[PDB]
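Take a look at the structure below.
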Amino acid sequence: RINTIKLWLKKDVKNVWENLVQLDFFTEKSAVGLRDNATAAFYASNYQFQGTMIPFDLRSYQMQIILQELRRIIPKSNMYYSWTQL
Amino acid sequence: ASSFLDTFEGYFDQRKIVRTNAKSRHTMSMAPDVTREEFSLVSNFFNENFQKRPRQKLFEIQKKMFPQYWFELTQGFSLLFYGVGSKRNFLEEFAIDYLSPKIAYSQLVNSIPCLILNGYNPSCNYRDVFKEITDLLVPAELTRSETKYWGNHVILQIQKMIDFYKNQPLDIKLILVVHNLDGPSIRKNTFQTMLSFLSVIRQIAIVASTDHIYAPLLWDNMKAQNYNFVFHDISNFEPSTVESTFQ
Amino acid sequence: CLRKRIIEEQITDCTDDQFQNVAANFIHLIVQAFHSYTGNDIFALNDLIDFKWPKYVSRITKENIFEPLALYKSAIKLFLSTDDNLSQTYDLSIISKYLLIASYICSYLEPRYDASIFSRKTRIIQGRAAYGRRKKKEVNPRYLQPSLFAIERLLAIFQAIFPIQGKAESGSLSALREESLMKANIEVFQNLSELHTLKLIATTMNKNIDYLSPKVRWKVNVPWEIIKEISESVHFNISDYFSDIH
Amino acid sequence: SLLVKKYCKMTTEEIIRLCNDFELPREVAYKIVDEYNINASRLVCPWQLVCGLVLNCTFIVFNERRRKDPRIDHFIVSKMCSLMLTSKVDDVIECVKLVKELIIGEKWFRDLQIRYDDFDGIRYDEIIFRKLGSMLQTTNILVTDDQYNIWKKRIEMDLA
Amino acid sequence: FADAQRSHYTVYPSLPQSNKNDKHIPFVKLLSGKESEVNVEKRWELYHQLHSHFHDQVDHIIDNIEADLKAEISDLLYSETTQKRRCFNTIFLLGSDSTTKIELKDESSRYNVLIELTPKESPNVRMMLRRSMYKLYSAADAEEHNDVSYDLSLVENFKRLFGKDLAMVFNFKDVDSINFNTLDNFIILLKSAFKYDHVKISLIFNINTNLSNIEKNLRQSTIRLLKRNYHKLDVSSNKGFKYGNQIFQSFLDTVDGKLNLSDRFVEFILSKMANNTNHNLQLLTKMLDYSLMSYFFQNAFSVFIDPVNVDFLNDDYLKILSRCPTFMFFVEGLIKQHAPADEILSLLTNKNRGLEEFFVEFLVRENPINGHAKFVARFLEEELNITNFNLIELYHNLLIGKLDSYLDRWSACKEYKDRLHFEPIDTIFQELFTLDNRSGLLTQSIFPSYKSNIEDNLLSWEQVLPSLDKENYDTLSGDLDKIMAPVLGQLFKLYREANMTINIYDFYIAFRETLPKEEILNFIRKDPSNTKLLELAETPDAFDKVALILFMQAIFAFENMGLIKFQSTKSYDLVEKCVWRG
């Protein structure tokens, strides 16, 4: 459409993607969060996950908020506010 | 039908699309289905009359390598057998009538004994086998300072055994034989790890029968280094009638 | 490293006010860089400080303190490139290098859209090829969780790609019996078994794994960059097979 | 040339000629003829197929003279290189190995291999010990006794 | 029970009385009895002698290089002096086949106990912690002579039980094949004990693939501090040709002056040196032992290298050595060098005295090629001072004569390349004292084209068939084997010629039309044995149904070989292929 802009290499995303997953905005597709009692916590540390074995970048994630929520939520004055709508 | 038959192009050729109205939805029930008794009868009839003479002759040709076999065994090289056809009535006559008497006389007494290991069994476990090891070799047990936190017994025993026999007389005391190493309950990594951390021994070493095309991936490089099959090829085109008992 | 550098440079114009001052503006630079990277944390900043501090020490000097802008220019680079890990990549055999290269193809390529490019034989008996991809794809399955396959597909494709061996002569009998094309030895089976334990292939993750079944599906667990770093080193090319579709 | 030519036609006696140029028997020729008239249907060029055919008739029946005379294999390939008018020849190499890929397993081919005993050009009672796993396998680097028995006469009269 | 019904059972061998035979060894009278049994004894003893002899340096060097890595790991493991005092020493064996053991130096004012961790005993975090603490306490107790549980408290509580300080060392045995999550959890747990100012530790990764393969597989949280204080090694069996060349040179010195090798064999081995970098010398030594086993099996002139046995030079040996064709080259070269013929009659088999005289005369020689390769290696390591070089490559380039063109790769010996160029030419009597695999046996028993060698048989089935004609009558199948191809290969042909997928009924009959009806019945007419089958054959479709019999057991056999993945459970009426030829 046109001070300038810099984009952030895959190494630069590798770090902060996990700062994201550790702040409860994303989760995993067929995820189950925290077992209630003992024997479930026990079997959990016995059987691992596909996500544990498959690599970092292709395990099927999930989302917490939907767009239009954020669309209404944000300060709409942003340079990116044009980009908050499907 | 197509152009290429035996190559990656032969594979691209034969693996493409067909029509569904081109589907001859036909069955073996469009043909006689009859008892399995006379089935096996006539199978065994051809296996006892169809290719008998030449099978005998080629068997007699396949013999003179027993000296070569023993000689490679002598330096402790555990052995392979691949090729097509059943591979039981070769080895069971190899070992008994050649190895133990000959090495018994050369060691100079009692003949060197053996067990046998039907791998093709669906109930083939490993712990009974280590039991019989301890029955025959009769090695030494372990302390309580080394079985580290439920560390598996047979393996640490065998790390103790391999060092006890590290400088003993360079002789022979037994042999074990295997059959259908890639059998159902035997092709598991536990059993294979056992018989790969086993055959560093000079007192024993193994003759090995095999049948599968994809057997040879089942092993690792560390294993093959430890295990050192000598790849001999022996194909016979034999009916394998008595293995027709499990499947 | 202060006390180091002050006398590696051997310059007697100093005071600890300015020591804290240069540390300060250095950290202004640190954070003015990587606030974008992290935000409002300390731990990883301390880590990366400890790592990349010393290179910046190595750059600072008299001119560099009298004007720390050019100093920052003279140490801008890690601000631009954290690079915090550590020519070559492998001291390996060749089939391990070249076989892995194939499986990335045999789970990111349609089994049907390959017979056009992965053939070299001169036809003899009557029969047609297909048309290839009439239609472009728009999503680049690089982004995708890949597919499955049986192994024979790899047996085939690897032979097809394989670097040339078995050198002939055009002699009266040289190429008559040579059959100058690698075949299914044992070494590949075993240099393959090595790989599942190196866990750069994956299969159906399984306790009581059995490599040997008819039913088993296989896969890889690697990215693009792994398979890229092989190529220009061994001087192979497959980037053209992927570079065209999306 | 003969194989760039697309969709050519042949007869019984055309290839009887191209096979009878080696004075081969007529039975082998009739076999190639049967091969043709059944499987001359899906073709691109029959010069290739019949070329490869009669070559793998020659290499199988002419192993004796070649086993003692390696001066043959150049003369023979030169003959069929110019009978079909080419200076390039590796196509002919393909002409042989492809038919061998094709015709590999028919009972009549089998009958010929038991008759004239090539098996890649080597005997059975040797190769099986070559390949089963042996050292008794006789790679005849050494020479046979009758050889020397007759080579001695050449230096007997060395005086002259 | 019948015999083989069971599993892991045992049977005892009986013996004959005795054989009173000193020929209780494998080695054989070659030459149709024209060897001596005493010569056989010579060969036997000598083999075991020289075998054990080279095995001296086997054990020497396998220990030598292991002592070398042990020295270097302990050199680079201790005294690596930190300054922050809040990091531990991390180490990288880039690509080591991680199965060796390493030592622990004491350094009083410390106790030192290793930690070893495999995939198996580390499914979760807590367990491998319990392993660690059990090892540590049961190790440091008995060395000084109540119970504490198994926890991280104990390590920071080490001072106030035993009084001494401690330094740990951690060996993640198979670093690659493990849960990286559990690993991450563990190492985050383990960083929780650098706040007591009285302990140190260190970790090593015994790596097999690469760092950049996995240093971004694990979370960079872990990896930052792991950028702090690390170390790096190239790690393999064959480090720098520093000991492989020695094995080559020692095997040259051990049987020097007697034997030599082709360009084919040397290049074959130069190839297979690289097909497994980690395990490389084991297998060359293995196959070399095979080579000598084969040699001292097959060469009846084995007994001619111990010069004591020169007295036993028999006439038959003298006959066969005459057919050295190179000796004929020499003969005729002198025929045309000299019109008279006096020395040749002086020396030749027409008087065997001069022959055997020449035998020992040309037998004694140096074979200066091998000593040349030796003092060439010398020339390198004294002037070029190199170790990063094979000697086998140089052997090969000399056997060609591109030796000059290969040292041209270094090009610093160039003022002496010409004088060091060994004009590589054939000797006399090279046919019995040299080695190469023209025979074609190595690759048949070491590196087989596995299923190629299978299908070459499955397809031919006359490479093994007894190709006989006369004793047809006595055997039942004399009229049938000749005319009926067996089941298997005919099936395999239909199997390959078909498409990917295959039906059963139409495919069955497609095969089944390859058959004789009256003649296979005639085969069944020949046996009067099975009376059930007598009645069975008297109907015409007996042919069809016995075709089905053979069909069924054949495919049943084909299945467990890995040929088919029997498709359509609940339907069991058509199939798919997976194995191809070639």
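Heads up, the Cβs are rebuilt from the backbone with ideal geometry, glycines too, and the neighbour counts pull from every protein chain shown. We did not get these values from a lab; they are worked out from the coordinates using the rules stated.
So in region A:1-16, with the set limited to residues that are over 24 Å from residue E:217 (Cβ atoms) and not polar (S, T, N, Q), which one is surrounded by the fewest Cβ atoms within 10 Å (Cβ to Cβ)?
Of region A:1-16, the ones over 24 Å from residue E:217 (Cβ atoms) are A:1-7.
From the residues that got through so far, the ones that are not polar (S, T, N, Q) too are A:1-2, A:5-7.
Numbers: A:1: 2, A:2: 4, A:5: 6, A:6: 8, A:7: 6.
Step by step, filter region A:1-16, then rank; the result is A:1.
Among the residues of region C:165-178, are any within 14 Å of chain B (Cβ to nearest Cβ) and assigned to a loop (DSSP other than H, G, I, E, B)? Give the derivation first.
At the first step, the residues of region C:165-178 found to be within 14 Å of chain B (Cβ to nearest Cβ) are none.
Looking through region C:165-178, none of the residues is within 14 Å of chain B (Cβ to nearest Cβ) and assigned to a loop (DSSP other than H, G, I, E, B).
Please verify whether region B:117-139 includes one or more residues that are under 28 Å from residue E:3 (Cβ atoms), in contact with an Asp or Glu (Cβ under 8 Å, 6 or more places away or on another chain) and not aromatic (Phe, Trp, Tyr).
Within region B:117-139 (the criterion being under 28 Å from residue E:3 (Cβ atoms), in contact with an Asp or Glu (Cβ under 8 Å, 6 or more places away or on another chain) and not aromatic (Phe, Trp, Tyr)), the answer is yes, since at least one residue qualifies.
Counting only residues that are in contact with a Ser or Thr (Cβ under 9 Å, 6 or more places away or on another chain) and more than 11 Å from chain B (Cβ to nearest Cβ), how many does region E:258-297 have?
Adding up the residues that qualify gives 8.
Does any residue of region E:67-83 turn out to be in a loop (DSSP other than H, G, I, E, B), in contact with a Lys or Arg (Cβ under 8 Å, 6 or more places away or on another chain) and within 30 Å of residue E:100 (Cβ to Cβ)? Give the steps one after another, and end with the answer.
Within region E:67-83, the first condition is being in a loop (DSSP other than H, G, I, E, B), and the residues that meet it are E:78-83.
Next, from what is left, pick out any that are in contact with a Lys or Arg (Cβ under 8 Å, 6 or more places away or on another chain): E:78.
Of the ones still in play, those that are also within 30 Å of residue E:100 (Cβ to Cβ) are E:78.
Checked against the condition, which is being in a loop (DSSP other than H, G, I, E, B), in contact with a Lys or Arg (Cβ under 8 Å, 6 or more places away or on another chain) and within 30 Å of residue E:100 (Cβ to Cβ), region E:67-83 yields at least one hit.
Between C:237, C:191, C:208, which is outside any helix (DSSP H, G or I) and either of a type in the set (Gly, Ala, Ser) or in contact with a helix residue (DSSP H, G or I) (Cβ under 7 Å, 6 or more places away or on another chain) (or both)? Spell out how you get there, then give the answer.
Numbers: C:191 fails: outside any helix (DSSP H, G or I); C:208 fails: either of a type in the set (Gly, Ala, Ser) or in contact with a helix residue (DSSP H, G or I) (Cβ under 7 Å, 6 or more places away or on another chain) (or both).
Sole residue among the options that is outside any helix (DSSP H, G or I) and either of a type in the set (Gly, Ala, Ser) or in contact with a helix residue (DSSP H, G or I) (Cβ under 7 Å, 6 or more places away or on another chain) (or both): C:237.
Search region B:89-124 for residues being part of a loop (DSSP other than H, G, I, E, B) and at the interface with chain E (Cβ under 8 Å from one of its Cβ atoms), and hand back the single one that is surrounded by the fewest Cβ atoms within 10 Å (Cβ to Cβ).
First, the residues of region B:89-124 that are part of a loop (DSSP other than H, G, I, E, B): B:89-90, B:108-113, B:119-124.
Pick out the ones that are also at the interface with chain E (Cβ under 8 Å from one of its Cβ atoms) and you get B:110-113, B:121, B:123-124.
Working: B:110: 9, B:111: 18, B:112: 22, B:113: 15, B:121: 20, B:123: 12, B:124: 21.
Per the criteria, the residue is B:110.
I'd like to verify a number: residues in region B:125-164 that are assigned to a loop (DSSP other than H, G, I, E, B), in contact with a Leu (Cβ under 9 Å, 6 or more places away or on another chain) and more than 27 Å from residue B:92 (Cβ to Cβ), how many?
Step one: filter region B:125-164 for residues assigned to a loop (DSSP other than H, G, I, E, B), giving B:125-126, B:137-152.
When the remaining residues are screened for being in contact with a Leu (Cβ under 9 Å, 6 or more places away or on another chain), the result is B:126, B:137, B:142, B:146-148.
With the extra rule that they be more than 27 Å from residue B:92 (Cβ to Cβ), the set shrinks to B:142, B:146-148.
So the count comes out to 4.
Can you tell me which residues in region B:192-214 are within 11 Å of another protein chain (Cβ to nearest Cβ) and crowded, with 18+ Cβ neighbours inside 10 Å?
The initial filter retains those residues of region B:192-214 that are within 11 Å of another protein chain (Cβ to nearest Cβ), namely B:192-193, B:197, B:210-214.
B:192, B:210, B:211, B:212, B:213, B:214 - these are the residues of region B:192-214 that are within 11 Å of another protein chain (Cβ to nearest Cβ) and crowded, with 18+ Cβ neighbours inside 10 Å.
Given D:75, D:109, D:22, which one is away from chain C (no Cβ under 13 Å), out of contact with any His (no Cβ under 6 Å at 6 or more places or on another chain), among the aromatic types (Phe, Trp, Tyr) and over 24 Å from residue B:6 (Cβ atoms)? Spell out the reasoning first.
Details: D:75 fails: away from chain C (no Cβ under 13 Å); D:109 fails: over 24 Å from residue B:6 (Cβ atoms).
That would be D:22, the only listed residue that is away from chain C (no Cβ under 13 Å), out of contact with any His (no Cβ under 6 Å at 6 or more places or on another chain), among the aromatic types (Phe, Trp, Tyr) and over 24 Å from residue B:6 (Cβ atoms).
Restricting attention to region C:203-237, which residues are surrounded by fewer than 17 Cβ atoms within 10 Å (Cβ to Cβ) and hydrophobic (A, V, I, L, M, F, W, C)?
Across region C:203-237, the qualifying residues are C:205, C:209, C:212, C:216, C:224, C:234, C:236.
Can you name every residue in region E:525-582 that is within 14 Å of chain C (Cβ to nearest Cβ), among the hydrophobic types (A, V, I, L, M, F, W, C) and over 35 Å from the mean Cα position of the chain (by Cα)?
E:566, E:575
Quick check on this structure: which one of C:123, C:112 is among the basic types (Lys, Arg), surrounded by 14 or more Cβ atoms within 10 Å (Cβ to Cβ) and within 12 Å of another protein chain (Cβ to nearest Cβ)?
Working: C:123 fails: surrounded by 14 or more Cβ atoms within 10 Å (Cβ to Cβ).
Criteria check complete, one pass: C:112.
Restricting to region C:101-123, what's the tally of residues that are out of contact with any helix residue (DSSP H, G or I) (no Cβ under 7 Å at 6 or more places or on another chain) and of a type in the set (A, V, I, L, M)?
Of the residues in that region, 1 qualify.
Answer yes or no as to whether residue E:103 is touching a strand residue (DSSP E or B) at 6+ places or on another chain (Cβ under 8 Å) and loosely packed, with under 13 Cβ neighbours inside 10 Å. Give the steps one after another, and end with the answer.
Working: touching a strand residue (DSSP E or B) at 6+ places or on another chain (Cβ under 8 Å): no; loosely packed, with under 13 Cβ neighbours inside 10 Å: yes.
For residue E:103, the condition - touching a strand residue (DSSP E or B) at 6+ places or on another chain (Cβ under 8 Å) and loosely packed, with under 13 Cβ neighbours inside 10 Å - is not met.
Checking residue D:100 against (1) part of a helix (DSSP H, G or I); (2) surrounded by fewer than 17 Cβ atoms within 10 Å (Cβ to Cβ); (3) more than 14 Å from chain B (Cβ to nearest Cβ), which test does it fail?
Exception for residue D:100: condition (3).
Given the criterion of a type in the set (D, E, K, R) and over 29 Å from residue B:96 (Cα atoms), identify the matching residue among E:29, E:105. Give the derivation first.
Numbers: E:29 fails: over 29 Å from residue B:96 (Cα atoms).
Result of the check over E:29, E:105: E:105.
So the check is Cβ under 6 Å with 6+ separation or different chains; which pairs have a first residue in region E:378-402 that's at positive phi and a second one that's of a type outside the set (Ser, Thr, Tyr)?
Listed by first residue and then by second, the contacts come to E:401/E:424.
Quick check on region E:110-133. Is at least one of its residues of a type in the set (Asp, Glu) and surrounded by fewer than 16 Cβ atoms within 10 Å (Cβ to Cβ)? Step through it out loud before you land on a result.
Residues of region E:110-133 of a type in the set (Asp, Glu): E:116, E:121.
Pick out the ones that are also surrounded by fewer than 16 Cβ atoms within 10 Å (Cβ to Cβ) and you get none.
Within region E:110-133, not a single residue is of a type in the set (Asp, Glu) and surrounded by fewer than 16 Cβ atoms within 10 Å (Cβ to Cβ).
When you scan region B:56-85, how many residues do you find that are small (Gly, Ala, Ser), buried (at least 19 other Cβ atoms within 10 Å of the Cβ) and either more than 8 Å from chain E (Cβ to nearest Cβ) or under 28 Å from residue E:52 (Cβ atoms) (or both)? Talk me through it step by step, then tell me what you get.
Keep residues of region B:56-85 that are small (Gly, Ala, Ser), which gives B:76, B:78, B:83, B:85.
Those left that are additionally buried (at least 19 other Cβ atoms within 10 Å of the Cβ): B:78, B:83, B:85.
Among the residues that remain, those that are also either more than 8 Å from chain E (Cβ to nearest Cβ) or under 28 Å from residue E:52 (Cβ atoms) (or both) are: B:78, B:85.
Looking only at that region, the number is 2.
Using beta carbons and a limit of 6 Å, which pairs, at least six apart or on different chains, have the first residue in region D:137-160 and of a type in the set (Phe, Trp, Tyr) and the second one not in a helix (DSSP H, G or I)?
From residues that are of a type in the set (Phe, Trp, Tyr), the pairs are D:148/E:323.
I'd like to check something: does region C:130-144 contain any residue that is within 12 Å of chain B (Cβ to nearest Cβ) and either small (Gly, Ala, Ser) or assigned to a loop (DSSP other than H, G, I, E, B) (or both)?
Kept after step one, since they are within 12 Å of chain B (Cβ to nearest Cβ), are these residues of region C:130-144: C:130.
Filter once more, so that each one left must be either small (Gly, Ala, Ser) or assigned to a loop (DSSP other than H, G, I, E, B) (or both): C:130.
Yes: region C:130-144 contains one or more residues that are within 12 Å of chain B (Cβ to nearest Cβ) and either small (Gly, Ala, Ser) or assigned to a loop (DSSP other than H, G, I, E, B) (or both).
Can you confirm whether region E:224-243 contains a residue that is within 14 Å of chain C (Cβ to nearest Cβ), β-branched (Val, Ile, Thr) and surrounded by 16 or more Cβ atoms within 10 Å (Cβ to Cβ)?
Taking every residue of region E:224-243 in turn, at least one turns out to be within 14 Å of chain C (Cβ to nearest Cβ), β-branched (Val, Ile, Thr) and surrounded by 16 or more Cβ atoms within 10 Å (Cβ to Cβ).
Please specify each residue of region A:49-64 satisfying the condition of being among the hydrophobic types (A, V, I, L, M, F, W, C) and within 7 Å of chain C (Cβ to nearest Cβ).
Of all residues in region A:49-64, those among the hydrophobic types (A, V, I, L, M, F, W, C) come to A:49, A:53-54, A:56, A:58, A:63.
Across region A:49-64, the qualifying residues are A:53, A:54, A:58.
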